[PDB]
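Single-structure report; data block below.
Number of protein chains: 6
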Amino acid sequence: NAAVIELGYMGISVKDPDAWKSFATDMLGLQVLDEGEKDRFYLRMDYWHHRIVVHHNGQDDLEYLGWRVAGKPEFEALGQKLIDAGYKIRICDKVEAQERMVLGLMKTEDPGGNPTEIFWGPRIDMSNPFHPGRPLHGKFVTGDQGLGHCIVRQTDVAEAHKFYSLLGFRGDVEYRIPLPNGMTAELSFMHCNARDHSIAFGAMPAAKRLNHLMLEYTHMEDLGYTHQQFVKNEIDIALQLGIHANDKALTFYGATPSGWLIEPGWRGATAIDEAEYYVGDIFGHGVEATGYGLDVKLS
Amino acid sequence: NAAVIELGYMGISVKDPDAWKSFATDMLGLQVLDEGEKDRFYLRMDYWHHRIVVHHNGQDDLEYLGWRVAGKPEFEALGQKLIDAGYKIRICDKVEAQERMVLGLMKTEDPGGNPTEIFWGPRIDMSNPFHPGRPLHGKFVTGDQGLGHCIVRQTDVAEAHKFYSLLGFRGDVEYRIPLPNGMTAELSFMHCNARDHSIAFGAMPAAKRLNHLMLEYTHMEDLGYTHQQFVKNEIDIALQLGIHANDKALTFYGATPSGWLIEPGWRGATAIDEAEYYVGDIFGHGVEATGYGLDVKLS
Amino acid sequence: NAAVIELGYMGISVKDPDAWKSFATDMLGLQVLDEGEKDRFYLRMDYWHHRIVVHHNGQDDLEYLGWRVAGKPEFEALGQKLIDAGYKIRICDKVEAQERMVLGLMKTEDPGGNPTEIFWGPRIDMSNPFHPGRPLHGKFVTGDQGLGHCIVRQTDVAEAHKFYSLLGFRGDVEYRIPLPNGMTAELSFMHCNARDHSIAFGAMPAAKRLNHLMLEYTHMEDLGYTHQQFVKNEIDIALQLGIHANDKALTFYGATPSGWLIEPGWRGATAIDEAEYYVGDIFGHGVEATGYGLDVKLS
Amino acid sequence: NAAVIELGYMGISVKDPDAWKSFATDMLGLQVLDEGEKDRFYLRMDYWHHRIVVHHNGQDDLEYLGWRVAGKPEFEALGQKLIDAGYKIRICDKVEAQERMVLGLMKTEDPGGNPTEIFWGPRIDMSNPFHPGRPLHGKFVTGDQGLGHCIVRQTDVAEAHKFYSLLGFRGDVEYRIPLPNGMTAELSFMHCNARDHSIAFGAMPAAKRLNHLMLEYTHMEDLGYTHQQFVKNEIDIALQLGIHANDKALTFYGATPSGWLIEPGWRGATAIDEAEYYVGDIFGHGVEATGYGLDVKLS
Amino acid sequence: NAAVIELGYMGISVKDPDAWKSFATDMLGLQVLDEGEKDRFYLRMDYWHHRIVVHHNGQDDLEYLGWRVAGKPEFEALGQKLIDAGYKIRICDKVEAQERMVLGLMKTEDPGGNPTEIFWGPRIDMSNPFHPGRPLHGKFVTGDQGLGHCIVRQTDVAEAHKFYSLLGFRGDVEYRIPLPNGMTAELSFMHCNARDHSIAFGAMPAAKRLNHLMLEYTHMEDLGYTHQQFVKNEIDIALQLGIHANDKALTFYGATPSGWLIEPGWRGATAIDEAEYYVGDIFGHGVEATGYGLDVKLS
Amino acid sequence: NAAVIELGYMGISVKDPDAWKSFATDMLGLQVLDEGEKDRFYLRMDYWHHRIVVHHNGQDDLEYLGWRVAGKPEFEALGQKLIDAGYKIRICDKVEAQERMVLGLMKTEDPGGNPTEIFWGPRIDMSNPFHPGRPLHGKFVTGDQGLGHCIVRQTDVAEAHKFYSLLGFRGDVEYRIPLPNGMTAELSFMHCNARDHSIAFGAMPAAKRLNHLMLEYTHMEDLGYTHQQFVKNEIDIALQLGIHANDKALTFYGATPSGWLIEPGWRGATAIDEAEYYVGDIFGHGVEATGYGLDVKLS
Ligand SMILES: [Fe+2]
Ligand SMILES: [Fe+2]
Ligand SMILES: [Fe+2]
Ligand SMILES: [Fe+2]
Ligand SMILES: [Fe+2]
Ligand SMILES: [Fe+2]
Ligand SMILES: [Mg+2]
Ligand SMILES: [Mg+2]
Ligand SMILES: [Mg+2]
Ligand SMILES: [Mg+2]
Ligand SMILES: [Mg+2]
Ligand SMILES: [Mg+2]
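Protein chains in written order, with UniProt numbering: chain Y, 4 to 302; chain D, 4 to 302; chain V, 4 to 302; chain U, 4 to 302; chain S, 4 to 302; chain A, 4 to 302.
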């Protein structure tokens, strides 16, 4: 049946666009595309016109997540499914769709208050191959796996699960992390394609909608050089290099100019439909800088 | 639809835990994990926290079989299917689920009286790779094929088949073995994944719930060394090395300290949905020690 | 340069041809070919007219080993190499070559007194496919690996090595086996193609030229059924099922009607040019019947 | 022609054997084998009886490197080659060969004074599979690539190159590293098989024969866990995680109890015969702890 | 060293060119190329300008075989080899080379009197793809295997073998065929590339230089349709469909308008350097029409 | 033996460096590297520090071709080979080698007067991945095939062939092109690795040393976009898109700012050692702009 198939794009808003352009290009290798618009620019990772929209005059947080469906029949079926289950949606007119550069667009909000968009028909600029903002050994892993994954704030995990399950995602609690206070932190991870997960969440308080965004390189050499760029430029590393037990990627977590975290990574594992859980990482991800919502002992 | 996907774990109870630890490690290569609990320890075969729970103060028999489903949606669908067909089940609370180290758990009994558990979300310790209790050339075959297979006692084969069929298993009578008394022994074999079978049974009387447990090595060299360990230690071999016509594995059957049989093996064939039957083994499995419920001529 | 490329054929002489025909067909699956000759018959394993010649009125021992070279240029080069190094050879005339069914033939004796023949151009009966003397799951491993391997008697290992090295073989001591008397038994193993070895020897006394002949099945099921045939017919098994550390095949050693041993096997490893040695088997090969020159503890 | 084919074994001497046993097992995953000898024990990495001999009462440095040749013909040819070129060698008697557990042994010293042994016929314990001293996800990369690589002290690079070239190695200067004093450090790297290099050296002063030993894991997860073990145990890391431009492995450099460095690594590239050079690493290998002969800026 | 690498071209002379054009196109699928020359036309099988030259006003027999060498260095080395061994050759001038459309050409005669040419640098018309003279399912097997194979007349097999061996061919007697008169017919087969053989011969009397030419289709369907064309047109079939024991191709032998035989075939086996012989075909090749030099019982 | 293995680098001199930087980046996608030197800059195509050196104040022509050998042993052997055959060479000192950024360098001139350099040990900047001067779908084909190929001026083809043959190249006349005046233009093509050819030449008069340089893209899309860039910018196209019969690449020929031609291409075929020749292209390469030394009808 009709389901979301990838995380297609995301919009963020920032207080310092100039800092973001330098950060995205030099530290990460993303491509900056400026179409001369007064209030925004774009970041590219592949042939798509863009994967991230960076709005100016902002709040240093997530503005929207854009989830792709295969085509108009799936768009319409999913819209009606959401309406029938009691969710509030709005089908956008052509001007709004053109703003996002998509053929069809609807807007809603997830149960945690995160603005959520569902669309079909992204604009692909095959004439304009990706050209990274610094030299790269490789490129990014996108394609059928979409742009990456995020953890976002939720207030009720069961409600969030219900919503994303309706959209076609699968998954549940995969981490039960012991905390010094004696409690346990539970995090749930959900997939909609071969990427281990595309969205994840728990019930931890959070000042921002977005906890982190993970972007995946094809080559280990690019991940390593990115890590070095963070160290040389003295950018906060919240979690050191390590490998989580679910996605099995080599990754670290570092500060963006907006204060939420980017997780550059390499060698993510294929999603599995069979639920299991873990109580720690395979190695690493030790805490270094704190204050980023990830002061947990993963070992 | 919703179905059992593997034999996930099993619990046994023993009169002599010390003998079992030495047996499991030296004779078989399993890993002993002791979490300091007064009444039990664990045996590992792979990344799962455990595959076998060994309870003390016991009856030298099977305590429960734990069957895995993919996730919560399948768990709930299967529970309702069992209720609708007239079977008695109990959904366990968090304390009971935590005892088994699973995210969701229900308890029932099969038609032969064997305690049967259905669960989702096993605990996987990716941080703690399998470390066998003796040096091994290889490891065990688990993964999508679960821990192994068992033959268990039944009083009514048709009723047992009905139950396991509802759980999603497939299979029927595969062996019709001539007996000297002129009768025929019929054994049925059922699969839920690529392992040739996970559960099997006939209508033969049996003092114990468990007839045998089969564990599969990846390497022939480990099977051979295990066989040698049984011979050198003068442990009863009930059936000598041979190959059954259905699962096509090289195996032998030897006594455990509890009196039921372990069947170490190598090179099991992929399960097939097309039913057929056989009247003898390919070779071997000659009777040596008797008194173990397998005094049959397989040739 | 010119070298021997395989063990092509062998001739044996027997006191009881009728017993040998039944043994070869029923116990091993070889094909008997009788061309109506008063004093001999043939055993086939593949498309070659034959691999073993069985002479009547015999001594229950090896008569000759026939080693193949690629063609006439290699035959002539090797002959001259042997002459130059001081060995005595005789190039056979057409009648003698026709007896062996080869295009070119020379006769000599190895340093241990074993009659040795070098030939080119075997007769292949492509019109007459192998038809085993009992039903087989598979066939034999021959082709570029020749018929099998043998251990034969030698009185001076260094001299034997010199001879076989000149013929193009490679290898050296691979087993140093501790003996109860405190000594060590050293055995050397030499290859001329991908079969782990084709000829092997040590300095142990021996009543016969031939210690054993190894024949390799393509299928484990045929090895197992052969083993069962020996057990059911109460034929002496000198060494039980096991795996040697060099050739890595699953094999056992059983009595032939002539008193020397046959070693049926399966899954032999590829020969390696890098010399190493071992002090025991991987598993098995325990002594059962004694008196066959292999009363050694291989573990 | 005759050439060295791998780094087969090495001998070291230590002041604190107990510390070394704990280090090798817990920090690296090597297997300790103690044969009850008063003055030494062994470390295993694979089926070889051992790869490293650890002598007691020592100097906390390298004692010998053992280089393998394929067999006796290569051993003898290489010996004569060394003699003809003016080097001093000694062919060892059986007692000395048995000490090293090899079939043939010769002793010499390289131009830098490093004791060098050439041997054929290592002892392989196929009956005794590797069993790591801590749980491992994988195993080590050995086989045709030998045990690993080392950098050792030399006083004259041209002379060292001449010697190793005669032994069959290939390679030359691959790194020209700028130094603050305005000079350049040149390091040469030589291979004898598919491992990027087995021996390397420059003309830098050094208090010890051995600068570092590199051991390669099959799995990234084991490298990462080893790195974590060094951090958690507060063991000096001389060079942080990084990738050199020649061997292309992910590696770090850490202190051993003897004061020279171990370089655990993963994913080494295949050796190439075409010489090239580099002036920096791909990423990482930043200096952390100093005093280990590697205070160079690799970037 | 320098060797012939393929049968590149052949020249024939015919009494009836019109009949030959119809035969080659309709019966075989060859392509006729007429360059407007008064005395000859060409037959193509692939991208080469031609593979067969058909001269008018002829003798209904072979005129020359053209054997290719890789380049000028091999041409010159082979010429000198022939001169040194006592053979008479002539290096052709540019006009003669241009006649054959080659870069270098020499002319000689084999020991049986067959005009033999050795050349390098054939003309390839990549602009002019093969276009068969009738519709074909597939194409011909040429490439590294050259145009096909022939049997030609010889008066002294040993002398012929000496000559072709000098040119770089390998092979010897492969068939010993019993004849009713009690004799044996011996035929020798020699290869210079992966085609089972390119030239073959025995000592049988023959009115023509050429006994047969074999051409190989890529598709069985084309062989079958060709066979049908011979039957429907009532063209003599000398040997019915069958498979020879050496080349293992499905083939039949049919009359050409010139009276010698064409052997269309499919699925020829790869040449082997190891000599063996056979005394019959695998099946078929029964005699039908006689008078073509192949009245032998192959079974 | 010792041979050249690739076209490693080339040096050109130009009158207009600014025009060349824009041309190389925008029209071709090469990377400009400027090290701040007053008289030159570099063009990159891969990890090598550079492949082309662009000298200022120049003659708008080739300055030198740099041919790579595997290492110092090959360098020294080739030098002595050249000296023994009567050619004049000079082994360069360290300053001259450092200028070219190589470990060893010698200078000579080919028989046509083209400055020729032979070197070992290029500088590879693995830390600095290729970053094209415009967005590219793919990258360039270099690696074991070197930078590309060139046609250069010669006055005596036989002499040129002798020289390049000594260096280890293979090949001969591959094109015989009919000319309206009734003559034939012969061009010879020589390879030293898998690239169809690396150097080619005939005896046509030429105002410049360099006729053309061919650079090969991995992706057809980049070739096509480059072609479009030439059309849109109204740059002379001397030969339109087409495919030559030898190298089988899709290519066109366009003017550089220096007046000699660049041949961007895609899908070149593997070099073959077997000489053949052609009299036309497969398609295309029609003449458009004239005056570039390629006014020939290739069809
Ligand atoms: Fe993440
Ligand atoms: Fe079983
Ligand atoms: Fe054997
Ligand atoms: Fe290293
Ligand atoms: Fe033929
Ligand atoms: Fe070109
Ligand atoms: Mg998941
Ligand atoms: Mg079944
Ligand atoms: Mg061997
Ligand atoms: Mg190297
Ligand atoms: Mg042949
Ligand atoms: Mg060429």
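C-beta atoms are modelled at their ideal positions from N, C-alpha and C, and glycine is treated no differently.
- Assignment of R137 of chain D by DSSP, reduced to helix, strand and coil, places it in the coil class.
- DSSP places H230 of chain U inside the alpha helix (DSSP H), whose first and last residues are 223 to 235.
- DSSP places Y167 of chain V inside the alpha helix (DSSP H), whose first and last residues are 160 to 169.
- Between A278 of chain A and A197 of chain S, the gap from beta carbon to beta carbon reaches 8 Å or more.
- The beta carbon of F172 of chain V sits closer than 6 Å to the beta carbons of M193, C195 from its chain, once the five residues preceding and following it are set aside; these are given in chain order.
- Judged by pairs of C-beta atoms under 8 Å, the region 130 to 145 of chain Y does not touch the region 142 to 157 of chain A, as fewer than three such pairs exist.
- Going by DSSP, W23 of chain Y is part of no beta strand (DSSP E) but of the alpha helix (DSSP H) stretching over 20 to 25.
- Residue list for ligand 12: A:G174, A:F192 (CB closer than 5 Å to any heavy atom, chain order).
- DSSP, reduced to helix, strand and coil, places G262 of chain V outside both helices and strands of the structure shown, so it counts as coil.
- The three-state reading of DSSP puts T254 of chain S in strand, counting E and B together.
- Taking the Cα of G115 of chain S as reference, the smallest distance to any Cα among S:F286, S:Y167, S:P267, S:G296 is reached at S:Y167.
- About 5 Å separates the beta carbons of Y67 of chain A and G14 of chain A, which is inside the 8 Å limit, making them a contact pair.
- The region 84 to 103 of chain A makes no contact with the region 222 to 237 of chain A, as fewer than three CB pairs between them are under 8 Å.
- Residue environment for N4 of chain D: exposed (fewer than 16 other C-beta atoms within 10 angstroms of its C-beta).
- Here the alpha carbons of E266 of chain V and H215 of chain V stand approximately 7 Å from one another.
- For a Cβ distance threshold of 9 Å, residue set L244, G245, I246, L253, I285, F286, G287 of chain D lies close to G227 of chain V, ordered along the chain.
- When Cβ-Cβ separations below 8 Å define contact, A278 of chain S makes contact with chain V.
- Set against 7 Å, the gap from the CB of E266 of chain D to the closest heavy atom of ligand 2 is smaller.
- Under the Cβ criterion of 8 Å, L139 of chain A is counted among the residues facing chain Y.
- As a beta-bridge residue in DSSP terms, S16 of chain U pairs with U:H58, U:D64.
- Note on geometry: alpha-carbon atoms of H59 of chain U and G11 of chain A lie some 53 Å from one another.
- Between ligand 5 and the CB of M207 of chain S, the shortest heavy atom gap is not smaller than 7 Å.
- Beta-bridge partners of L216 of chain Y (DSSP): Y:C153, Y:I265.
- For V282 of chain U, the nearest CB of chain A lies under 8 Å from its own CB, placing it at the interface with that chain.
- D199 of chain Y sits buried, since 16 or more C-beta atoms from the chains shown fall within 10 Å of its C-beta.
- Each of D:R126, D:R156, D:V7 was checked against the Cα of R212 of chain D, and the nearest Cα belongs to D:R156.
- Here the region 75 to 89 of chain S does not lie against the region 36 to 54 of chain S, with fewer than 3 beta-carbon pairs under 8 Å apart.
- Inter-residue distance for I180 of chain Y and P125 of chain D is about 15 Å (C-alpha atoms, whole angstroms).
- Taken in chain order, the members of the region 126 to 156 of chain U whose beta-carbon sits within less than 9 Å of a beta-carbon on chain D are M129, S130, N131, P132, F133, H134, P135, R137, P138, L139, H140, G141.
- Residue state for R270 of chain A is assigned as coil, using DSSP reduced to three classes.
- The C-beta of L182 of chain U has fewer than 16 other C-beta atoms within 10 Å across all chains shown, which makes the residue exposed.
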